[PDB]
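Asker: Fold the following, please.
(one chain, ligands or ions: 2)
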Amino acid sequence: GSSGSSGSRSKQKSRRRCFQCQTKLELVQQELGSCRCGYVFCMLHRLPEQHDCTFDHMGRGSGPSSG
Ligand SMILES: [Zn+2]
Ligand SMILES: [Zn+2]
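Answerer: Numbers count the residues shown, from 1 in each chain. Ligands and ions are numbered 1, 2, ... in the order given. What follows is the structure:
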């Protein structure tokens, strides 16, 4: 038993592999899968909605939503 919340507690240890399924990402994937938030996923979890991405693609300004 090794307890003690110290150091850092992350999940993205090796971008090389997805951050959700930890699958192997080819040279191309690693680039494609990559995201803006700061995490790399596979061709299945590459999309933002897939990993409830925190980033906001809808930027470059703001406006009224309610209609
Ligand atoms: Zn994945
Ligand atoms: Zn993201």
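
Asker: tell me the contacts of the residue nearest the centre of the chain?
Answerer: In the chain, the centroid-proximal residue (Cα atoms, centre = their mean) is residue 39; its distance is 3.4 Å. For residue 39, the contacting residues are 12, 15, 19, 51, by Cβ atoms under 8 Å, 6 or more residues apart in numbering. Quick note: C-beta positions are derived from backbone N, CA and C, even for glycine.

Asker: Tell me the span between the first and last residue of stretch 7-17.
Answerer: Across stretch 7-17, the terminal residues are separated by 22 Å (Cα to Cα, to the nearest Å).

Asker: please begin residue numbering at 43 from this point
Answerer: Sure, I'll start numbering at 43, so the last one becomes stretch 49-59.

Asker: circling back: now the residue nearest to the centre of the chain: phi and psi?
Answerer: Backbone torsions for residue 81, taken as degrees, to the nearest 10, come to phi -140, psi 150.

Asker: and what of residue 66?
Answerer: Backbone torsions for residue 66, taken as degrees, to the nearest 10, come to phi -70, psi 130.

Asker: For the nearest residue to it once chain neighbours are set aside, the count of nearby residues, please.
Answerer: Residue nearest to residue 66 in three dimensions, not counting chain neighbours: residue 59, with 6.0 Å by Cβ to Cβ, 6 or more residues apart in numbering. As a burial measure, residue 59 scores 19 neighbours (other Cβ atoms under 10 Å).

Asker: Could you report the distance from residue 59 to residue 51?
Answerer: 18 Å (Cβ to Cβ, to the nearest Å).

Asker: number of nearby residues for residue 107?
Answerer: So residue 107, with other Cβ under 10 Å, has 6 neighbours.

Asker: same thing with residue 44?
Answerer: Residue 44, neighbours per other Cβ under 10 Å, totals 3.

Asker: which residues are in contact with stretch 49-68?
Answerer: By Cβ under 8 Å, 6+ apart, the residues outside stretch 49-68 that reach it are 72, 75-76, 80-84, 86-87, 92-93.

Asker: Output these as CSV; include the columns secondary structure and distance to ligand 2.
Answerer: Shown next, in CSV, are the contacts of stretch 49-68 (DSSP: H, G, I helix; E, B strand; the rest coil; distance: Cβ to the ion, whole Å):
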residue, secondary structure, distance to ligand 2
72, helix, 15
75, helix, 10
76, coil, 9
80, coil, 7
81, coil, 6
82, coil, 9
83, coil, 8
84, coil, 13
86, coil, 14
87, coil, 10
92, helix, 9
93, helix, 6
